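Asker: Test case, fold it:
(chains A and B)
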Amino acid sequence: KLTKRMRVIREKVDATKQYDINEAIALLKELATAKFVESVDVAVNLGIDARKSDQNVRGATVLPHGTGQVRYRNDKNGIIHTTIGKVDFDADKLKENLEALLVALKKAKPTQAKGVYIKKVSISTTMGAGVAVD
RNA sequence: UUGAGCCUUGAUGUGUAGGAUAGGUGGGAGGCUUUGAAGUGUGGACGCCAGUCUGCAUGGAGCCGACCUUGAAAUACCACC
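Answerer: Residues are numbered from 1 along each chain as shown, chains lettered A, B, ... in the order given. What follows is the structure:
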């Protein structure tokens, strides 16, 4: 279950703490500490009834340095999440892609949908923790 | 004593693919691993009783998912769950 590596990375930072977005882009480098090149994803929990097709969320936004583009679509449960780029990019380069996807996520709220949009959104890498960001 | 709600988290569901009791989206060719390891074993749990899960030493440092066969994943792993 628990290995020699996930003791460090899952607990080097506190995933239960809501970090700032400006702090998050530098702390994901610790979460992306690996031999290969990972990809950081923003995980947004949306409680829509995705079986009702009128509440579906779908779109894509722009990346300023290619890959290139980023595409997002929800599952059949309602949780919608996608990447923002590679982790070899600079923290200020992942600054640009994170808010552009986030604002377009706020733009695509359905008319009949209700409730609070963001609860515990997390920057999730390929193998790092789901660090709580706001 | 007995209901209801909360958390870092252990497990959780063969028609048919197939080694396998896959519920999905998200990620990439790396994890697991000399931070004590594969397979056995059993207290206990285990089902649609085809067969599996939790703790470890005597054991002793090895095991895996591409593609392909599939309506689709074939947990090595992480994350939302």
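
Asker: All the helices of chain A, residue numbers only.
Answerer: A:6-12, A:21-31, A:91-107 (DSSP state H).

Asker: can you redo the ones you listed as a markdown table with distance to RNA strand B and mean neighbour count?
Answerer: Quick note: C-beta positions are derived from backbone N, CA and C, even for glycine. As requested, the helices of chain A are arranged in a markdown table below (distance: least, C-beta to the nearest atom of the strand, whole Å; neighbours: other C-beta atoms under 10 Å):
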| stretch | distance to RNA strand B | mean neighbour count |
| --- | --- | --- |
| helix A:6-12 | 5 | 13 |
| helix A:21-31 | 8 | 18 |
| helix A:91-107 | 12 | 16 |
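
Asker: any chance of those in CSV, plus distance to residue A:128?
Answerer: Output for the helices of chain A, formatted as CSV (distance: least, C-beta to C-beta, whole Å):
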stretch, distance to residue A:128
helix A:6-12, 6
helix A:21-31, 3
helix A:91-107, 13
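
Asker: Please name whichever of these is nearest to residue A:52.
Answerer: helix A:91-107 (19.5 Å; C-beta to C-beta).

Asker: Out of the helices of chain A, the one nearest residue A:40 is which?
Answerer: Nearest of the helices of chain A (C-beta to C-beta): helix A:21-31, 5.5 Å.

Asker: Direction-wise, compare that closest one with helix A:91-107 and give the angle.
Answerer: Per axes from the mean of the first three to the mean of the last three C-alpha atoms, to 10 degrees, the angle that helix A:21-31 makes with helix A:91-107 is 120 degrees.

Asker: And helix A:21-31, how far out from the chain middle?
Answerer: In terms of C-alpha atoms, centre = their mean, to the nearest Å, the centre of helix A:21-31 is found 12 Å from the chain centre.

Asker: Quick one: end-to-end length of stretch A:5-24, please.
Answerer: Here the two ends of stretch A:5-24 are set 21 Å apart, with distance taken as C-alpha to C-alpha, to the nearest Å.

Asker: And for that stretch, what's in contact with it?
Answerer: A:27, A:30-31, A:33, A:98-99, A:120, A:122-123, A:127-134 (C-beta atoms under 8 Å, 6 or more residues apart in numbering).

Asker: Done for today, thanks.
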